[PDB]
Amino acid sequence: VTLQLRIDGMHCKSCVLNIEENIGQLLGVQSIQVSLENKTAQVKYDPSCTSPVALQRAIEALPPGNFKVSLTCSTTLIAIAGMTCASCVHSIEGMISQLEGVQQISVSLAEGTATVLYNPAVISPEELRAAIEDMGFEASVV
């Protein structure tokens, strides 16, 4: 995740260099970005080890107080060859959800693919395909 802050002393520009060198190699910060035309610094951080206040208190003590900041189940994937508009999603996700064993179903045109949580006692993947073929389209199990 991304955050924005202001700094005192970055007016001299070179202040940002010794910050940039140290910030981005650390357990909770993976890269650094600058926005000096906006007047801010832009940090690219991991919320697992750190947070806005913890970052603030870390980076402000890099210098000697010299640069100050202000802040029953299986899952399978399907490929489909009868999707011509986004309305195909609300049609497939709707109609295929009605034939039992289908616990959860999601579909996208971006790759032409669905992901579905099925009951392996009640239904098999090759039956999922057959239902889209019965709807009037074509499906394939990946």
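We did not get these values from a lab; they are worked out from the coordinates using the rules stated. Here Cβ is always computed from backbone atoms with ideal geometry, including for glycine, and neighbour counts include all displayed protein chains.
A few points about this structure:
- Candidate cross-link partners of residue 13 among the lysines, defined by an alpha-carbon separation under 16 Å and a same-chain spacing of 8 or more, comprise 39, 68.
- Approximate spin-label separation residue 56-residue 39, in nm, with each point projected 7 Å along Cα-to-Cβ: 1.8 nm
- Gyration tensor (alpha-carbon) shape descriptor, segment 67-142, a/c threshold 1.5: prolate
- Averaging 1/r across all pairs of distinct Cα atoms in the chain and inverting the result yields a Kirkwood radius of 19.2 Å.
- For segment 18-33, Karplus couplings with θ = phi - 60° (6.51, -1.76, 1.60), whole Hz, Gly/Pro x: 5, 5, 3, 4, 8, 9, x, 9, 8, 3, x, 9, 9, 8, 9, 9
- Förster radius 22 Å - calculated FRET efficiency between residue 87 and residue 126 (Cβ-Cβ, nearest 0.05): 0.25
- Cα gyration tensor category, rounded, prolate or oblate, for segment 1-41 with a/c compared to 1.5: oblate
- Normalised by 2.2 N^0.38 Å, where N is the number of residues, the alpha-carbon radius of gyration of segment 1-71 equals 0.99.
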